[PDB]
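Comments concern the structure below.
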Amino acid sequence: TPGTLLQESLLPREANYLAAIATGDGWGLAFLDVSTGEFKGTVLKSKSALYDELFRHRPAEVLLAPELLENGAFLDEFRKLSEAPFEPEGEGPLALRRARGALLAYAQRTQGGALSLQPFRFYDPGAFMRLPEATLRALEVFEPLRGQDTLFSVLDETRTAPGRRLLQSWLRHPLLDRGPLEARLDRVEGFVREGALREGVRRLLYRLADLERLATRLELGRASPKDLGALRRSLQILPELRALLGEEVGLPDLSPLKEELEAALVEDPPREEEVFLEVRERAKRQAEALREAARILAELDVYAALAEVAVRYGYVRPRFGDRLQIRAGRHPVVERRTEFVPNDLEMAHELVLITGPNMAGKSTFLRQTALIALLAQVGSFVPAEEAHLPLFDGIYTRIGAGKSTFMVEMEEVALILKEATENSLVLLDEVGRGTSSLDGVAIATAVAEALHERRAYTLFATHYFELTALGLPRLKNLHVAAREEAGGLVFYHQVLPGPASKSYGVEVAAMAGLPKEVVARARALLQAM
Amino acid sequence: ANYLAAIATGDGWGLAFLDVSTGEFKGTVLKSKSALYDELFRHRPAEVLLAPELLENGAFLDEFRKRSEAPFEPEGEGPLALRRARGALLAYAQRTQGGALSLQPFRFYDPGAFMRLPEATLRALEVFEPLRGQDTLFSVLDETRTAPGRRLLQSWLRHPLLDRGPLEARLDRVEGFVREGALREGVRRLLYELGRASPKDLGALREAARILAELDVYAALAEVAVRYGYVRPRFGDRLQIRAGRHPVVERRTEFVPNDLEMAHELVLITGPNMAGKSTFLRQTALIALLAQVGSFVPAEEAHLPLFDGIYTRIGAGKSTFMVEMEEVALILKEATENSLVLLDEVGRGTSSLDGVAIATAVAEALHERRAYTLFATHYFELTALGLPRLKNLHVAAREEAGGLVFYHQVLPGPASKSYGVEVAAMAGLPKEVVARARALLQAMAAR
């Protein structure tokens, strides 16, 4: 099972999951990974939120319950999966134990024996900043829309498979309370004001074994000799990392197990077998103290990883409050590929339209904001100079990109309207396009006011002038400019306050390469309107 | 096939295509860097050889790399840049072949004697590659039994015809193995110089083969026109499609056919989306193409004219906007009274006026060109532009039982109501918003 694969030779530093979906008093979602022996599941009400939690954790193999399997209607939609029995195991919401055990009896059936599991955890997709599928896609968080990079690659500075698995979590699960975040930012600020200190741990952690996946294997009876080789090698760095931080990291004292191996082992692990397992046992007697390290280790890995990034790329420790101010911010993604003229932004539960022509930063400008928000609520310094962000509850989008673009996009907005709040952050772009004249400028206005009344931080970017002149108490207008210079125009990657004065359509159009008479007959009909 | 391509400069742009396998040897000289990368795009070579100039040209190099070394010593006779590149192949293959090469009589082709077919059109109509999914016009037509035939069919696609004389000749032939079921049954079931022809090859065993692959497809098509039920298209000056279909999408679900009649006119297509509009535009191009390539098409009856080219502007650094403009620019800059043009929402993703503005120019622009244009838009204003050659067709949505009930029908006369806010509402929009929407609409409606 691509989901029960326990061999370290078929698993990326990232986590993997075997998922099961059972029904009954909510929607049962069980995620398990033989490798890390990670065991967590949950019950969702909204089929929307389900497929969503299912989307963040991207499992490679899904187990559907018999109700869904028979459900040819539900079956083909999920397809637009391996059979196993969902016998309610453990205690908890029906649809949970059904899918939960469904994994157990499926891993154990694809493990030749018993499994090594972690205390089943129960997570709630509500104690964390919301983050829909589309947003993740829109911000190019994990995967890139078109190109190569993503926020992950750019932040990917983790030195251990565990850390990377940890960091990835934090992204898939942003924070809400300031207390935790601060705690993280205080830490991250540590290895940055202690350059040498960060220099040490990073250099030491390099090559460090996967103490988490390793230990998992110890409790599974499959931890080969070589692994102890790496493990011994690891436990040996353990004392060093501990000597640069202090008896404060908490790091256990696994010298006993360390010293043992040193002797009992060949510098390069390929009656001897009777002696081999005797040492293992002595080691595996420290199964948790191992997982303990991994866990406590990954933190530093990341805390220092990011921090490294931050310093390497000039990331400013964010300050929370109730106002959004970005002193010369940047799109951390695109920033690492060319000169990037920064920008500024100030908001407060307002609706800020963004006009002017495209090709001048608008879209990228909307994203550039979401990320900073996200980057902040995840626990890193962001690409700016100064930056005051509020504590967003959610970050919904509606960017770029059976049915038609139109319907799709509507449904997008529908959700936003149906989840956005006075604290939600919303970014709209050309909402209500790909449709006839009036309807266009029509829809746009409703959605606006709609959000406007919601008093949610909304960076609505449009070409609809009408929208810009709608005297509402919380509106605000920013535009970006082009400039018909020596080439044909001269767009500036600057978002300047106040709406755009002229219209640049026919211009851009003309510029693009349109035949001169047409542009004329165009500018004319324009004037004449 | 497969191709090793070389590009040399001098009195045009030298393009040499060669394939060791079939020993196919053909090249050509283009003026427009646009048309170059284009001919280069149809023949999709796996390895390209650039002349010294271009290689040095730091700018030209990285643009080509965004979109192996060998000397280009002018060989044979013909336009400089052509021979230089042409020879670049020989000299390249010869040293990668360990010795001499077996080549066919180098063929100089002028794509200007056939029907045009931009990179994008080919992409848009999902001819060879699929936008999203699995099928393409090729797979669906792919009924050839020999590697040769398939290479022959593929050619015809990549190179549609112009004169009626040759097309008829093909359609007469194709009509043969169809009215002679058994006869086609036979050949189909039966068809199923470099000193390197090993012994095994003889075990199995040009000219004849070429008239075999020619026959291996004449039948291929007919097993498709029979299995997928197509019909033979008579040519002429008028475009009439008696219950046509999108050969691509047809093989995946029930497909409510449609009808269409034109004559160098501009035919707007309104109504909401999700009712066939787009697919309806393509559904037409293909039939045209399928006809000009030499196959029977998915219809009942079908009278097509002899299109010189089939330019598009469908779906889909710079922004959508600029891109799309450039698209239209070309059309305007190549379309003719015989060109077939399909437009979709031309002039969107932009502020109010400018939108309805541009749209009108482009229209009249094409209108004056008198080119068969299936312009599909949501711009009502455009629909009421009293021009002698306009025409209006719309598709409908229907607020029945569910919320709406889109109809895969393309009926004459413009759409009466507007369906925006509807679809919008339908999509799932909050009721007050839709209201505040329908309202603001009405408002703006009665001035």
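If you're wondering about the labels, chains in the structure tokens are A, B, ... by order shown, residues count from 1 in each chain, ligands from 1 in order shown.
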* Asked: Quick one: residues within 12 Å of residue 243 (chain A), only C-alpha atoms counted, chain neighbours fewer than 6 positions away excluded, as a VMD selection string?
  -> chain A and resid 197 200 to 201 204 237 249 to 251
Generate a file of the selected residues that holds N, CA and C atoms, formatted as a PDB file, in the first residue's frame.
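Printed below is out.pdb as written:
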```pdb
ATOM      1  N   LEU A 197      25.618  30.408  17.043  1.00  0.00           N
ATOM      2  CA  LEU A 197      24.781  29.388  17.661  1.00  0.00           C
ATOM      3  C   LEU A 197      23.969  28.627  16.613  1.00  0.00           C
ATOM      4  N   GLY A 200      26.218  26.415  14.441  1.00  0.00           N
ATOM      5  CA  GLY A 200      26.525  25.126  15.037  1.00  0.00           C
ATOM      6  C   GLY A 200      25.499  24.038  14.769  1.00  0.00           C
ATOM      7  N   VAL A 201      24.337  24.154  15.408  1.00  0.00           N
ATOM      8  CA  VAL A 201      23.249  23.185  15.270  1.00  0.00           C
ATOM      9  C   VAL A 201      22.938  22.782  13.832  1.00  0.00           C
ATOM     10  N   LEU A 204      25.630  20.634  12.554  1.00  0.00           N
ATOM     11  CA  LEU A 204      25.588  19.347  13.253  1.00  0.00           C
ATOM     12  C   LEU A 204      24.411  18.497  12.775  1.00  0.00           C
ATOM     13  N   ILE A 237      26.072  13.066  18.085  1.00  0.00           N
ATOM     14  CA  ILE A 237      25.961  14.502  17.809  1.00  0.00           C
ATOM     15  C   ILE A 237      25.129  15.103  18.935  1.00  0.00           C
ATOM     16  N   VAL A 249      17.376  22.768  26.600  1.00  0.00           N
ATOM     17  CA  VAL A 249      16.617  22.160  25.510  1.00  0.00           C
ATOM     18  C   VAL A 249      15.843  20.935  26.003  1.00  0.00           C
ATOM     19  N   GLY A 250      16.286  20.384  27.131  1.00  0.00           N
ATOM     20  CA  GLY A 250      15.633  19.217  27.698  1.00  0.00           C
ATOM     21  C   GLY A 250      16.166  17.903  27.152  1.00  0.00           C
ATOM     22  N   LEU A 251      16.826  17.965  25.996  1.00  0.00           N
ATOM     23  CA  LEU A 251      17.391  16.784  25.343  1.00  0.00           C
ATOM     24  C   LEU A 251      17.836  15.701  26.325  1.00  0.00           C
TER      25      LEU A 251
END
```
Surrounding residues of residue 119 (chain A) excluding itself and chain neighbours under 2 positions, 12 Å, only C-alpha atoms, as a PDB file with N, CA and C atoms, in the first residue's frame:
```pdb
ATOM      1  N   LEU A  32      -3.282   7.896   8.699  1.00  0.00           N
ATOM      2  CA  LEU A  32      -2.228   7.103   9.318  1.00  0.00           C
ATOM      3  C   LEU A  32      -1.051   6.904   8.375  1.00  0.00           C
ATOM      4  N   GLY A  37       4.412   6.142  11.986  1.00  0.00           N
ATOM      5  CA  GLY A  37       3.443   5.545  12.881  1.00  0.00           C
ATOM      6  C   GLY A  37       2.522   6.631  13.402  1.00  0.00           C
ATOM      7  N   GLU A  38       2.393   7.700  12.624  1.00  0.00           N
ATOM      8  CA  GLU A  38       1.544   8.825  12.995  1.00  0.00           C
ATOM      9  C   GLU A  38       0.085   8.405  12.896  1.00  0.00           C
ATOM     10  N   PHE A  39      -0.662   8.652  13.964  1.00  0.00           N
ATOM     11  CA  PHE A  39      -2.062   8.269  13.994  1.00  0.00           C
ATOM     12  C   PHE A  39      -2.965   9.425  14.420  1.00  0.00           C
ATOM     13  N   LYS A  40      -3.732   9.937  13.461  1.00  0.00           N
ATOM     14  CA  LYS A  40      -4.651  11.045  13.702  1.00  0.00           C
ATOM     15  C   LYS A  40      -5.826  10.989  12.727  1.00  0.00           C
ATOM     16  N   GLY A  41      -7.009  11.335  13.226  1.00  0.00           N
ATOM     17  CA  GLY A  41      -8.209  11.334  12.410  1.00  0.00           C
ATOM     18  C   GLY A  41      -9.134  12.439  12.883  1.00  0.00           C
ATOM     19  N   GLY A  90     -11.938   1.254  19.230  1.00  0.00           N
ATOM     20  CA  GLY A  90     -11.699   2.356  20.147  1.00  0.00           C
ATOM     21  C   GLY A  90     -12.971   3.070  20.558  1.00  0.00           C
ATOM     22  N   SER A 116       2.988  -0.266  14.940  1.00  0.00           N
ATOM     23  CA  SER A 116       3.529   0.566  16.015  1.00  0.00           C
ATOM     24  C   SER A 116       2.857   1.921  15.856  1.00  0.00           C
ATOM     25  N   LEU A 117       1.896   2.216  16.729  1.00  0.00           N
ATOM     26  CA  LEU A 117       1.160   3.465  16.628  1.00  0.00           C
ATOM     27  C   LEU A 117       1.408   4.476  17.732  1.00  0.00           C
ATOM     28  N   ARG A 121      -4.484  11.040  18.055  1.00  0.00           N
ATOM     29  CA  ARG A 121      -4.771  12.431  18.353  1.00  0.00           C
ATOM     30  C   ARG A 121      -6.032  12.857  17.615  1.00  0.00           C
ATOM     31  N   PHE A 122      -6.709  13.866  18.151  1.00  0.00           N
ATOM     32  CA  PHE A 122      -7.924  14.388  17.536  1.00  0.00           C
ATOM     33  C   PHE A 122      -7.677  15.879  17.292  1.00  0.00           C
TER      34      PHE A 122
END
```
Sort by chain and increasing residue number a table of all residues of chain A within 7 Å of chain B, each with its closest pair of atoms and their distance in Å to one decimal, counting only C-alpha atoms, and write it as a Markdown table.
```
| residue | atom | partner | partner_atom | distance |
| --- | --- | --- | --- | --- |
| A:358 | CA | B:319 | CA | 6.5 |
| A:359 | CA | B:318 | CA | 5.8 |
| A:403 | CA | B:274 | CA | 5.5 |
| A:404 | CA | B:274 | CA | 5.6 |
| A:407 | CA | B:427 | CA | 5.5 |
| A:410 | CA | B:427 | CA | 5.8 |
| A:411 | CA | B:427 | CA | 5.3 |
| A:414 | CA | B:429 | CA | 4.6 |
| A:433 | CA | B:349 | CA | 6.7 |
| A:434 | CA | B:348 | CA | 6.6 |
| A:435 | CA | B:378 | CA | 5.5 |
| A:436 | CA | B:378 | CA | 4.2 |
| A:437 | CA | B:379 | CA | 6.0 |
| A:438 | CA | B:441 | CA | 6.7 |
| A:439 | CA | B:420 | CA | 5.3 |
| A:442 | CA | B:441 | CA | 5.7 |
| A:443 | CA | B:437 | CA | 5.5 |
| A:446 | CA | B:437 | CA | 5.4 |
| A:447 | CA | B:433 | CA | 6.6 |
| A:450 | CA | B:433 | CA | 6.5 |
| A:463 | CA | B:351 | CA | 4.3 |
| A:464 | CA | B:351 | CA | 5.1 |
| A:465 | CA | B:351 | CA | 6.9 |
| A:505 | CA | B:354 | CA | 5.4 |
| A:506 | CA | B:354 | CA | 6.0 |
| A:508 | CA | B:322 | CA | 6.8 |
| A:509 | CA | B:325 | CA | 6.0 |
| A:512 | CA | B:322 | CA | 5.4 |
| A:513 | CA | B:326 | CA | 5.7 |
| A:514 | CA | B:329 | CA | 5.0 |
| A:515 | CA | B:329 | CA | 6.6 |
| A:518 | CA | B:361 | CA | 5.7 |
| A:521 | CA | B:361 | CA | 6.1 |
| A:522 | CA | B:358 | CA | 5.6 |
| A:525 | CA | B:357 | CA | 6.2 |
| A:526 | CA | B:357 | CA | 5.9 |
```
* Using only C-alpha atoms, which residues sit within 12 Å of residue 277 (chain B) once same-chain residues fewer than 3 positions away are excluded, as an MDAnalysis selection string? -> (chainID A and resid 403:404) or (chainID B and resid 246 258 267:274 280:284 314:315 342:345 374:378 393:397 406:411)
* Asked: Within 9 Å of residue 151 (chain A), counting only C-alpha atoms, which residues qualify if same-chain residues fewer than 6 places away don't, as a ChimeraX atom specification?
  -> /A:139-144,332-333,371
Output file for the selection above: C-alpha atoms, as a PDB file, in the first residue's frame:
```pdb
ATOM      1  CA  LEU A 139      -0.735  31.318  -3.040  1.00  0.00           C
ATOM      2  CA  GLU A 140       1.478  28.613  -4.566  1.00  0.00           C
ATOM      3  CA  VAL A 141       2.189  27.346  -1.061  1.00  0.00           C
ATOM      4  CA  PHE A 142       3.210  23.745  -1.724  1.00  0.00           C
ATOM      5  CA  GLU A 143       2.699  23.350  -5.461  1.00  0.00           C
ATOM      6  CA  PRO A 144       3.505  26.035  -8.109  1.00  0.00           C
ATOM      7  CA  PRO A 332       8.682  35.853  -0.901  1.00  0.00           C
ATOM      8  CA  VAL A 333       7.960  33.481  -3.732  1.00  0.00           C
ATOM      9  CA  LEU A 371       1.578  35.137   2.228  1.00  0.00           C
TER      10      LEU A 371
END
```
* To do: Fewer than 4 positions away in the same chain doesn't count, so skip those; otherwise give me all residues within 12 Å of residue 235 (chain B), counting only C-alpha atoms, as a list in words.
  => residues 162, 163, 164, 165, 166, 167, 168, 169, 171, 239, 240, 241, 288, 291, 292, 294, 301, 302, 303, 304, 305, 306 and 307 of chain B
Quick one: write out the picked residues with N, CA, C and O atoms as a PDB file, in the first residue's frame?
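Ended up saving to selection-v1.pdb:
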```
ATOM      1  N   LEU B 162      -6.248  23.055 -49.672  1.00  0.00           N
ATOM      2  CA  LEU B 162      -6.838  24.321 -50.105  1.00  0.00           C
ATOM      3  C   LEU B 162      -7.674  24.129 -51.355  1.00  0.00           C
ATOM      4  O   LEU B 162      -8.855  24.466 -51.367  1.00  0.00           O
ATOM      5  N   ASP B 163      -7.064  23.598 -52.410  1.00  0.00           N
ATOM      6  CA  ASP B 163      -7.795  23.370 -53.652  1.00  0.00           C
ATOM      7  C   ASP B 163      -8.850  22.278 -53.455  1.00  0.00           C
ATOM      8  O   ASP B 163      -8.629  21.315 -52.711  1.00  0.00           O
ATOM      9  N   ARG B 164      -9.999  22.438 -54.109  1.00  0.00           N
ATOM     10  CA  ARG B 164     -11.091  21.469 -54.012  1.00  0.00           C
ATOM     11  C   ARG B 164     -10.737  20.171 -54.731  1.00  0.00           C
ATOM     12  O   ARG B 164     -11.073  19.077 -54.265  1.00  0.00           O
ATOM     13  N   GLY B 165     -10.064  20.312 -55.873  1.00  0.00           N
ATOM     14  CA  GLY B 165      -9.656  19.166 -56.673  1.00  0.00           C
ATOM     15  C   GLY B 165      -9.026  18.024 -55.897  1.00  0.00           C
ATOM     16  O   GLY B 165      -9.434  16.874 -56.056  1.00  0.00           O
ATOM     17  N   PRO B 166      -8.007  18.302 -55.068  1.00  0.00           N
ATOM     18  CA  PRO B 166      -7.357  17.247 -54.285  1.00  0.00           C
ATOM     19  C   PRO B 166      -8.240  16.663 -53.177  1.00  0.00           C
ATOM     20  O   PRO B 166      -8.297  15.442 -53.003  1.00  0.00           O
ATOM     21  N   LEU B 167      -8.920  17.533 -52.435  1.00  0.00           N
ATOM     22  CA  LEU B 167      -9.808  17.103 -51.359  1.00  0.00           C
ATOM     23  C   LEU B 167     -10.875  16.150 -51.882  1.00  0.00           C
ATOM     24  O   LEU B 167     -11.078  15.069 -51.324  1.00  0.00           O
ATOM     25  N   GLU B 168     -11.565  16.564 -52.943  1.00  0.00           N
ATOM     26  CA  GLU B 168     -12.590  15.736 -53.560  1.00  0.00           C
ATOM     27  C   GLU B 168     -11.979  14.363 -53.809  1.00  0.00           C
ATOM     28  O   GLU B 168     -12.512  13.346 -53.371  1.00  0.00           O
ATOM     29  N   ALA B 169     -10.842  14.361 -54.502  1.00  0.00           N
ATOM     30  CA  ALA B 169     -10.108  13.142 -54.825  1.00  0.00           C
ATOM     31  C   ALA B 169      -9.981  12.239 -53.599  1.00  0.00           C
ATOM     32  O   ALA B 169     -10.131  11.020 -53.703  1.00  0.00           O
ATOM     33  N   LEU B 171     -11.892  12.495 -50.739  1.00  0.00           N
ATOM     34  CA  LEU B 171     -13.228  12.150 -50.288  1.00  0.00           C
ATOM     35  C   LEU B 171     -13.901  11.124 -51.188  1.00  0.00           C
ATOM     36  O   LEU B 171     -14.733  10.339 -50.731  1.00  0.00           O
ATOM     37  N   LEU B 239     -21.437  27.271 -45.604  1.00  0.00           N
ATOM     38  CA  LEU B 239     -21.146  26.369 -44.482  1.00  0.00           C
ATOM     39  C   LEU B 239     -22.448  25.924 -43.808  1.00  0.00           C
ATOM     40  O   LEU B 239     -23.100  26.715 -43.123  1.00  0.00           O
ATOM     41  N   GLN B 240     -22.822  24.663 -44.011  1.00  0.00           N
ATOM     42  CA  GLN B 240     -24.039  24.101 -43.422  1.00  0.00           C
ATOM     43  C   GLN B 240     -23.744  22.796 -42.701  1.00  0.00           C
ATOM     44  O   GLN B 240     -23.270  21.834 -43.305  1.00  0.00           O
ATOM     45  N   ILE B 241     -24.041  22.755 -41.410  1.00  0.00           N
ATOM     46  CA  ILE B 241     -23.799  21.555 -40.623  1.00  0.00           C
ATOM     47  C   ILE B 241     -25.089  20.966 -40.059  1.00  0.00           C
ATOM     48  O   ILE B 241     -25.586  21.391 -39.014  1.00  0.00           O
ATOM     49  N   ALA B 288     -14.402  21.371 -39.954  1.00  0.00           N
ATOM     50  CA  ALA B 288     -13.753  22.047 -41.070  1.00  0.00           C
ATOM     51  C   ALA B 288     -12.433  21.347 -41.352  1.00  0.00           C
ATOM     52  O   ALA B 288     -12.163  20.919 -42.483  1.00  0.00           O
ATOM     53  N   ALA B 291     -12.537  17.860 -42.442  1.00  0.00           N
ATOM     54  CA  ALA B 291     -12.918  17.803 -43.851  1.00  0.00           C
ATOM     55  C   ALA B 291     -11.709  18.100 -44.715  1.00  0.00           C
ATOM     56  O   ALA B 291     -11.410  17.361 -45.656  1.00  0.00           O
ATOM     57  N   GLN B 292     -11.011  19.185 -44.395  1.00  0.00           N
ATOM     58  CA  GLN B 292      -9.853  19.578 -45.177  1.00  0.00           C
ATOM     59  C   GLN B 292      -8.673  18.623 -44.999  1.00  0.00           C
ATOM     60  O   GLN B 292      -7.657  18.766 -45.689  1.00  0.00           O
ATOM     61  N   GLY B 294      -9.309  15.204 -44.979  1.00  0.00           N
ATOM     62  CA  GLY B 294      -9.694  14.056 -45.776  1.00  0.00           C
ATOM     63  C   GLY B 294     -10.442  12.935 -45.076  1.00  0.00           C
ATOM     64  O   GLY B 294     -10.268  11.764 -45.434  1.00  0.00           O
ATOM     65  N   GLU B 301     -25.399  15.898 -42.396  1.00  0.00           N
ATOM     66  CA  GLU B 301     -25.037  16.464 -43.691  1.00  0.00           C
ATOM     67  C   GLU B 301     -24.065  17.561 -43.279  1.00  0.00           C
ATOM     68  O   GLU B 301     -24.031  17.955 -42.104  1.00  0.00           O
ATOM     69  N   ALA B 302     -23.257  18.032 -44.224  1.00  0.00           N
ATOM     70  CA  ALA B 302     -22.302  19.090 -43.925  1.00  0.00           C
ATOM     71  C   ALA B 302     -21.671  19.667 -45.183  1.00  0.00           C
ATOM     72  O   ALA B 302     -20.974  18.977 -45.932  1.00  0.00           O
ATOM     73  N   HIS B 303     -21.955  20.939 -45.423  1.00  0.00           N
ATOM     74  CA  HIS B 303     -21.407  21.642 -46.568  1.00  0.00           C
ATOM     75  C   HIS B 303     -20.423  22.673 -46.031  1.00  0.00           C
ATOM     76  O   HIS B 303     -20.814  23.618 -45.347  1.00  0.00           O
ATOM     77  N   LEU B 304     -19.144  22.478 -46.325  1.00  0.00           N
ATOM     78  CA  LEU B 304     -18.119  23.405 -45.879  1.00  0.00           C
ATOM     79  C   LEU B 304     -17.474  24.038 -47.102  1.00  0.00           C
ATOM     80  O   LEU B 304     -17.498  23.468 -48.196  1.00  0.00           O
ATOM     81  N   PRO B 305     -16.905  25.239 -46.937  1.00  0.00           N
ATOM     82  CA  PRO B 305     -16.239  25.948 -48.032  1.00  0.00           C
ATOM     83  C   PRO B 305     -14.778  25.525 -47.910  1.00  0.00           C
ATOM     84  O   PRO B 305     -14.446  24.740 -47.016  1.00  0.00           O
ATOM     85  N   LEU B 306     -13.901  26.022 -48.776  1.00  0.00           N
ATOM     86  CA  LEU B 306     -12.500  25.639 -48.664  1.00  0.00           C
ATOM     87  C   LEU B 306     -11.654  26.661 -47.908  1.00  0.00           C
ATOM     88  O   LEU B 306     -10.930  27.464 -48.502  1.00  0.00           O
ATOM     89  N   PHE B 307     -11.755  26.609 -46.583  1.00  0.00           N
ATOM     90  CA  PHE B 307     -11.033  27.508 -45.692  1.00  0.00           C
ATOM     91  C   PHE B 307      -9.542  27.585 -45.994  1.00  0.00           C
ATOM     92  O   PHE B 307      -8.893  26.564 -46.235  1.00  0.00           O
TER      93      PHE B 307
END
```
* To do: Compare B:231, B:161, B:91, B:286 by their minimum atom-to-atom distance to residue 299 (chain B), counting only C-alpha atoms, and give me the closest one.
  => B:231
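Between CA of residue 290 (chain B) and CA of residue 158 (chain B) lies a distance of 11.3 Å.
Using only C-alpha atoms, the smallest distance between any of A:264, A:114, A:448, A:96 and residue 471 (chain A) comes from A:448.
From CA of residue 165 (chain A) back to CA of residue 233 (chain A), the distance works out to 21.6 Å.
With only C-alpha atoms taken into account, the protein and nucleic acid residues at most 9 Å from residue 128 (chain B) (excluding it and anything under 4 positions from it in its own chain) are residues 122, 123, 135, 136, 137, 138, 139 and 154 of chain B.
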* To do: Pick out each residue of region 343-445 of chain B that DSSP on the backbone tags as alpha helix (DSSP H); I need them as a PyMOL selection string.
  => chain B and resi 352-369+380-383+420-427+431-445
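In this structure, CA of residue 125 (chain A) sits 9.7 Å away from CA of residue 50 (chain A).
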Write out as a short mmCIF file (atom, residue, chain, number, x, y, z; two decimals) with N, CA, C and O atoms, in the first residue's frame each polymer residue whose atoms come within 12 Å of residue 194 (chain A), counting only C-alpha atoms; drop sequence neighbours fewer than 5 positions from it.
```
data_model
loop_
_atom_site.label_atom_id
_atom_site.label_comp_id
_atom_site.auth_asym_id
_atom_site.auth_seq_id
_atom_site.Cartn_x
_atom_site.Cartn_y
_atom_site.Cartn_z
N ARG A 187 11.57 32.35 19.78
CA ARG A 187 12.55 31.29 19.51
C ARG A 187 13.29 31.59 18.21
O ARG A 187 14.52 31.67 18.20
N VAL A 188 12.54 31.74 17.12
CA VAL A 188 13.16 32.02 15.81
C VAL A 188 14.11 33.20 15.88
O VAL A 188 15.15 33.20 15.22
N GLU A 189 13.74 34.20 16.67
CA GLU A 189 14.56 35.39 16.83
C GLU A 189 15.85 35.01 17.55
O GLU A 189 16.85 35.73 17.49
N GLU A 199 24.73 28.54 13.48
CA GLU A 199 25.77 27.96 12.64
C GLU A 199 26.08 26.55 13.12
O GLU A 199 26.18 25.61 12.33
N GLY A 200 26.22 26.42 14.44
CA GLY A 200 26.52 25.13 15.04
C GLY A 200 25.50 24.04 14.77
O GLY A 200 25.76 23.12 13.99
N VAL A 201 24.34 24.15 15.41
CA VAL A 201 23.25 23.18 15.27
C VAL A 201 22.94 22.78 13.83
O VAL A 201 22.73 21.61 13.54
N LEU A 244 25.71 23.62 23.02
CA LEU A 244 25.65 24.96 22.42
C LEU A 244 24.39 25.71 22.84
O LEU A 244 24.31 26.93 22.71
N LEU A 245 23.41 24.97 23.34
CA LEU A 245 22.17 25.57 23.80
C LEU A 245 22.20 25.61 25.32
O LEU A 245 22.10 26.67 25.94
N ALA A 304 15.42 27.35 13.55
CA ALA A 304 16.70 27.83 13.05
C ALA A 304 16.65 27.83 11.53
O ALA A 304 17.16 28.75 10.87
N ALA A 307 14.54 30.90 10.41
CA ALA A 307 15.44 31.96 10.87
C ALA A 307 16.59 32.13 9.87
O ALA A 307 16.92 33.26 9.45
N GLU A 308 17.21 31.01 9.51
CA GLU A 308 18.29 31.05 8.55
C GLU A 308 17.69 31.80 7.34
O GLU A 308 18.11 32.92 7.00
N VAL A 311 17.02 35.56 7.84
CA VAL A 311 18.26 36.32 7.77
C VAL A 311 18.85 36.31 6.36
O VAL A 311 19.29 37.34 5.85
#
```
* **Pick from A:26, A:445, A:474, A:129 nearest to residue 424 (chain A), counting only C-alpha atoms** => A:129
* To do: Pull the strand (DSSP E or B) assignments for region 353-435 of chain B out of DSSP run on the backbone, and list those residues as number ranges by chain.
  => B: 372-376, 392-394, 411-412
N, CA and C atoms of the current selection, written as a compact mmCIF listing (two decimals), in the first residue's frame:
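Result saved to out.txt:
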```txt
# COMPACT_ATOMS: atom_id res chain seq x y z
N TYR B 372 -15.56 34.02 -42.46
CA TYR B 372 -16.46 33.20 -41.67
C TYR B 372 -16.02 33.33 -40.21
N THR B 373 -16.76 34.11 -39.43
CA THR B 373 -16.42 34.33 -38.03
C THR B 373 -17.51 33.91 -37.03
N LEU B 374 -17.18 32.97 -36.16
CA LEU B 374 -18.12 32.53 -35.15
C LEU B 374 -17.62 33.18 -33.88
N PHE B 375 -18.05 34.42 -33.72
CA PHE B 375 -17.70 35.21 -32.56
C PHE B 375 -18.74 34.88 -31.50
N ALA B 376 -18.28 34.42 -30.34
CA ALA B 376 -19.19 34.06 -29.25
C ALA B 376 -18.92 35.04 -28.12
N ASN B 392 -27.29 36.51 -35.48
CA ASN B 392 -27.23 36.25 -34.04
C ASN B 392 -27.80 34.89 -33.63
N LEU B 393 -27.03 34.18 -32.81
CA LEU B 393 -27.45 32.88 -32.30
C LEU B 393 -27.14 32.93 -30.80
N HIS B 394 -27.99 32.30 -30.00
CA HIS B 394 -27.80 32.31 -28.55
C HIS B 394 -28.10 30.91 -28.01
N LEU B 411 -29.74 28.01 -30.88
CA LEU B 411 -30.86 28.54 -31.66
C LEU B 411 -30.62 29.93 -32.23
N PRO B 412 -31.29 30.24 -33.35
CA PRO B 412 -31.16 31.55 -34.01
C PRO B 412 -31.75 32.72 -33.22
```
* Asked: Looking at only C-alpha atoms, which of A:293, A:478, A:354, A:391 is the one that sits closest to residue 429 (chain A)?
  -> A:354
* Structure fact -> Shortest contact to residue 326 (chain A), candidates A:66, A:195, A:432, A:383, atoms counted only C-alpha atoms, goes to A:383
